[PDB]
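Trainee: Have a look at the structure that comes next, please.
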Ligand SMILES: O=N[O-]
Ligand SMILES: O=N[O-]
Ligand SMILES: [Cu+2]
Ligand SMILES: [Cu+2]
Ligand SMILES: [Cu+2]
Ligand SMILES: [Cu+2]
Ligand SMILES: [Cu+2]
Ligand SMILES: [Cu+2]
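Protein chains in written order, with full-length UniProt numbering: chain A, 62 to 484; chain B, 62 to 484.
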């Protein structure tokens with residue numbers, strides 16, 4: 062699995078004994094905590110030396126163990142598949158340490174992990190939720206309605222956050238016009254909003270890319286008209302101060318201005334944006350997460366997310382496609398601050414629309430592409446065969462802050478393209 | 062023995078192991094220190110819990126152990142006689158703790174502990190260094206010469222201190238006159254003094270008990286005349302500010318004004334004074350000790366002393382007498398701050414001159430007497446048999462800050478007054 066169940070253990074002194082102490086998630090501050098796992102899960106255990114004696118962690122029945130950590134903060138992580146149901150001791154093998162109290166239980170339970178019942182609104186955009194290619198047709202006036210809505214969202218399994226959105230979801234609505242079109246934009250600020258909201262389009266020409274015309278009080282509406290003069294895949298975002306605050310809380314989307322010829326024919330299109338959230342408490346903490354200004358202005362986030370939430374593109378709203386289909390991903394970074402190294406594990410991009418230019422020829426046979434904040438790109442590839450394909454920022458420490466997505470494709474395990482054993 | 066060899070161990074994590082860490086003395090900060098002891102010595106080990114797991118210390122061959130100490134700072138002291146030469150493990154008996162590093166050696170060496178060659182002047186006043194009884198004699202004019210002297214002294218085995226003294230010793234000269242006498246006092250302050258010095262006698266009547274006429278610059282001399290109008294046993298001390306500072310540094314002594322008859326004849330007299338020293342580093346620290354002003358004004362000393370130094374009346378200048386003698390101790394407290402609960406282990410005070418009154422009838426058959434700072438008394442008793450008799454302040458935590466003394470008396474171990482076995 063590419064979504065492991067993760068436990069962190071710090072060694073220390075508690076309850077009169079030398080013990081393991083849980084760090085974060087369901088086990089924060091618990092001594093020799095029970096590590097509860099469902100049959101077939103991939104288990105990652107992070108050991109961190111707390112007090113400065115020599116430690117490891119060993120699970121006999123799984124032939125699994127950490128390395129020995131000597132100094133304070135010295136760390137070793139290990140993994141295994143929970144293939145066996147029952148109760149297994151994790152313990153320190155250093156002389157005396159097990160007898161001194163370094164022992165807990167790993168419990169492996171039969172059947173799959175139930176999903177935790179949510180407490181707040183689902184604020185993740187389905188990656189399939191976008192309008193398809195516009196016909197060939199004459200340029201014309203297109204009317205777009207945007208509503209700025211502040212609302213609590215399910216950030217993780219048992220953690221919530223106050224999101225600011227376009228139309229109650231992150232990213233906002235996928236906007237699709239033809240070059241030459243005239244856009245008639247209506248921005249309504251919901252009555253229950255505390256804050257002024259706005260929108261800047263990177264595909265609009267003029268002051269604030271429309272921000273100067275769209276500063277909207279709560280319970281008010283603004284209206285602006287603008288010509289789509291350039292074809293491109295453009296990010297749009299709120300542009301009321303603090304702009305970085307409005308962006309991190311979720312006020313970003315994509316505007317595709319199609320060129321006259323349209324993009325190349327493709328079997329299936331998806332919508333994905335990457336952002337950061339700057340919380341007071343670390344990734345994994347349950348309850349109401351709140352915003353940490355000091356972390357926002359110093360570019361030190363706790364959450365890296367696709368489409369608004371942890372599990373957004375794995376559990377709640379993953380991507381589905383069929384073997385033999387050509388797939389297009391419109392991929393944008395709201396940010397506000399981090400450049401994404403976008404990669405699909407198990408795939409190679411046939412075409413990459415460099416800097417999101419839709420008029421310059423796309424680059425060919427590319428593994429991984431840099432997308433800046435306030436930037437976007439288009440990748441396409443042919444699905445030759447089945448598998449779970451994984452969307453990642455190849456700054457791979459971001460796996461441990463929520464940044465992972467699934468493209469699920471039904472097919473055999475073994476074919477001519479990739480198989481176990483030799484020819 | 063009333064001079065046990067003392068070691069303090071704190072449990073902790075050091076050199077990547079769970080260990081014992083030496084606290085002060087020759088073992089400060091050493092991990093699992095070697096405890097070096099001489100054959101026949103009484104050993105005291107204080108175990109203090111550092112990090113908060115359960116611990117003890119055990120030495121198999123001496124059937125000795127601490128109690129189990131559980132939380133941080135929890136302590137257990139134990140003792141035994143080092144009767145067998147060789148090497149012996151002290152260890153923690155809690156499950157795994159020995160294996161995990163909680164083990165050191167006690168080395169019992171043959172022969173007697175050698176004394177450290179001293180590095181500074183001996184500032185200790187011998188308890189026999191006082192003038193004998195004044196004959197019957199008419200009242201008259203007596204000239205007394207005092208010199209105020211600043212000098213480093215041997216405070217302990219391997220520790221020094223800047224003492225301020227009358228005539229280079231602590232306490233100062235025992236002054237002996239008859240009531241009605243006229244005292245011609247000369248006070249020479251040494252050239253090499255940083256500070257002004259002076260003297261207030263409690264047996265003198267008028268401004269500052271002479272202090273107003275004795276404020277003496279370095280290299281200068283004051284002369285003052287005063288009448289000894291009252292019989293008593295009077296403490297005298299420097300009266301130059303800070304007076305507490307001048308007293309702690311050594312500037313106290315005793316003035317006996319004999320009544321017309323003189324005091325009842327006794328076979329042998331002794332001179333003893335108690336005081337405190339207020340150092341930055343705790344009791345037992347080697348090196349030059351320095352004064353801590355915050356500890357002096359808050360009355361939190363590190364040394365409690367008889368006649369100026371640790372070992373003053375045990376090692377360097379102890380008391381000596383013979384069976385059948387009547388003994389008198391002039392005992393005063395310089396202080397500056399603490400009241401002494403004066404007592405001689407193995408003896409009872411035949412007479413106590415309550416509040417140092419020499420004219421009121423003495424109290425009889427008294428175990429222990431309170432002497433305030435700036436007060437003295439007289440005690441006498443008959444030595445009915447032999448032994449080492451021990452001078453103490455019976456606030457007995459002051460044993461561990463250097464306050465103990467020996468009266469050595471040659472006689473058999475067993476006799477009619479106290480013996481092994483039944484009658
Ligand atoms: O394929 N790398 O995540
Ligand atoms: O017997 N007194 O310590
Ligand atoms: Cu361990
Ligand atoms: Cu906004
Ligand atoms: Cu922008
Ligand atoms: Cu122990
Ligand atoms: Cu003085
Ligand atoms: Cu006084």
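Cβ coordinates follow ideal geometry from the N, Cα and C atoms, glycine included.
Excluding five sequence neighbours on each side, which residues of the same chain lie with their C-beta closer than 6 Å to the C-beta of residue 373 of chain B?
Mentor: 185, 367, listed in sequence order.
Trainee: Beta-carbon of residue 109 of chain B versus every beta-carbon of chain A: anything under 8 Å?
Mentor: With 8 Å as the cut-off, residue 109 of chain B does not count as an interface residue toward chain A.
Trainee: Would you check whether ligand 4 has a heavy atom nearer than 7 Å to the C-beta of residue 153 of chain A?
Mentor: No, ligand 4 has no heavy atom inside 7 Å of this Cβ.
Trainee: Could you name the residues, in chain order, whose CB is less than 5 Å away from a heavy atom belonging to ligand 7?
Mentor: Those residues, listed in chain order, are B:258, B:299, B:301, B:307, B:312.
Trainee: Which residues share a DSSP beta bridge with residue 163 of chain A?
Mentor: Bridge partners of residue 163 of chain A: none, in fact.
Trainee: Contact defined as beta carbons within less than 8 Å: I believe residue 276 of chain B pairs with residue 294 of chain B. What is the distance between those atoms, to the nearest angstrom?
Mentor: Actually they are not in contact, since the Cβ atoms of residue 276 of chain B and residue 294 of chain B sit about 26 Å apart, beyond 8 Å.
Trainee: Which bits of chain B does residue 78 of chain A rub up against, with CB to CB less than 7 Å?
Mentor: Neighbours of residue 78 of chain A on chain B, chain order: 114.
Trainee: Assign residue 126 of chain B to one of three DSSP states: helix, strand, or coil.
Mentor: Note: residue 126 of chain B maps to strand in three-state DSSP.
Trainee: Can you check the UniProt domain "Plastocyanin-like" (215–321) of chain A for any alpha helix (DSSP H) of at least 4 residues that lies completely inside it and give the ranges in chain order?
Mentor: The qualifying runs are 304–309.
Trainee: Grouping DSSP H, G and I as helix and E and B as strand, with all else coil, what is residue 463 of chain B?
Mentor: The answer is coil: DSSP assigns residue 463 of chain B none of H, G, I, E or B.
Trainee: Report the option in A:224, A:68, A:376 whose CA atom is closest to the CA atom of residue 95 of chain A.
Mentor: Of the listed residues, the one whose Cα sits closest to residue 95 of chain A is A:68.
Trainee: Just tell me which of A:412, A:399, A:433, A:210 has its CA closest to the CA of residue 424 of chain A.
Mentor: Minimum Cα distance to residue 424 of chain A is reached at A:412.
Trainee: Can you check which of these residues, A:222, A:292, A:245, is closest to residue 310 of chain A by C-alpha distance?
Mentor: Per the Cα distances, A:222.
Trainee: When burial is assigned at 16 or more other CB atoms within 10 Å of the CB, is residue 283 of chain B buried or exposed?
Mentor: With 16 or more other Cβ atoms within 10 Å, it is buried.
Trainee: Less than 7 Å between the CB of residue 263 of chain A and some heavy atom of ligand 5, yes or no?
Mentor: Within the cutoff, so yes.
Trainee: Counting only runs of 4+ residues fully inside the segment 341–410 of chain B, write out the alpha helix (DSSP H) ranges in chain order.
Mentor: For the segment 341–410 of chain B, whole alpha helix (DSSP H) runs of length 4 or above, ordered along the chain, are 354–358.
Trainee: Quick one: is residue 110 of chain A buried, meaning 16 or more other Cβ sit within 10 Å of its Cβ, or exposed?
Mentor: Its Cβ being crowded by 16 or more others within 10 Å, residue 110 of chain A is buried.
Trainee: Measuring from the CB of residue 116 of chain A, is there a heavy atom of ligand 3 at a distance below 7 Å?
Mentor: Yes - ligand 3 has a heavy atom lying nearer than 7 Å to the Cβ of residue 116 of chain A.
Trainee: What is the DSSP secondary structure of residue 416 of chain B, counted as helix, strand or coil?
Mentor: Looking at residue 416 of chain B - three-state DSSP - the assignment turns out to be helix.
Trainee: Taking Cβ-Cβ distances shorter than 8 Å, what residues in chain A pair up with residue 131 of chain B?
Mentor: Near residue 131 of chain B (Cβ distances below 8 Å), the residues of chain A are 77.
Trainee: Between the C-alpha atoms of residue 224 of chain A and residue 183 of chain A, what's the straight-line distance to the nearest angstrom?
Mentor: So the alpha carbons of these two residues sit roughly 11 Å apart.
Trainee: Give me the DSSP bridge partner(s) of residue 116 of chain A.
Mentor: According to DSSP, which records beta bridges pairwise, residue 116 of chain A is partnered with A:130.
Trainee: Using a threshold of 8 Å, state whether the C-beta atoms of residue 169 of chain A and residue 240 of chain A are closer than that.
Mentor: No; because the gap between Cβ atoms is not below 8 Å, this pair is not in contact.
Trainee: Suppose the cutoff is 8 Å on Cβ atoms and the five residues either side in sequence are ignored; what does the same chain contact list for residue 320 of chain B look like?
Mentor: Around residue 320 of chain B: 240, 292, 419, 420.
Trainee: Express the C-alpha separation of residue 383 of chain B and residue 471 of chain B in angstroms, rounding to a whole number.
Mentor: Each residue's Cα considered, the two are about 6 Å apart.
Trainee: Tell me whether residue 134 of chain A is buried or exposed, calling it buried when 16 or more other Cβ atoms sit within 10 Å of its Cβ.
Mentor: Flag for residue 134 of chain A reads exposed.
Trainee: Residue 180 of chain B: buried (16+ other C-beta within 10 angstroms of its C-beta) or exposed?
Mentor: Exposed, since its Cβ has fewer than 16 Cβ neighbours within 10 Å.
Trainee: Quick check on residue 158 of chain B: does DSSP put it in helix, strand or coil?
Mentor: It is coil, neither helix nor strand.
Trainee: Return no unless some Cβ of chain A is closer than 8 Å to the Cβ of residue 158 of chain B.
Mentor: Cβ-Cβ to chain A under 8 Å: yes for residue 158 of chain B.
Trainee: Distance check for residue 461 of chain B and residue 64 of chain B, CA to CA, integer angstroms please.
Mentor: Cα-Cα distance, rounded: 10 Å.
Trainee: If we count the other Cβ atoms within 10 Å of its Cβ and call it buried at 16 or more, is residue 370 of chain B buried or exposed?
Mentor: It counts as buried.
Trainee: Is there at least one Cβ from chain B nearer than 8 Å to residue 74 of chain A's Cβ?
Mentor: Yes, its Cβ sits closer than 8 Å to a Cβ of chain B.
Trainee: Is the segment 142–151 of chain A touching the segment 340–351 of chain A, taking contact as three or more C-beta pairs under 8 Å?
Mentor: Counting Cβ pairs under 8 Å, fewer than three are found: no touch.
Trainee: With a threshold of 8 Å on Cβ separation, who are the neighbours of residue 117 of chain B within its own chain once the five nearest residues in sequence on each side are excluded?
Mentor: So the list reads 108, 126, 127, 128, 129, 130, 137, 153, 154, 155, once near-sequence residues are dropped.
Trainee: Below 8 Å, can you find three or more Cβ-Cβ pairs linking the segment 387–407 of chain A to the segment 294–306 of chain A?
Mentor: In short, these stretches touch, since the Cβ pair count reaches three.
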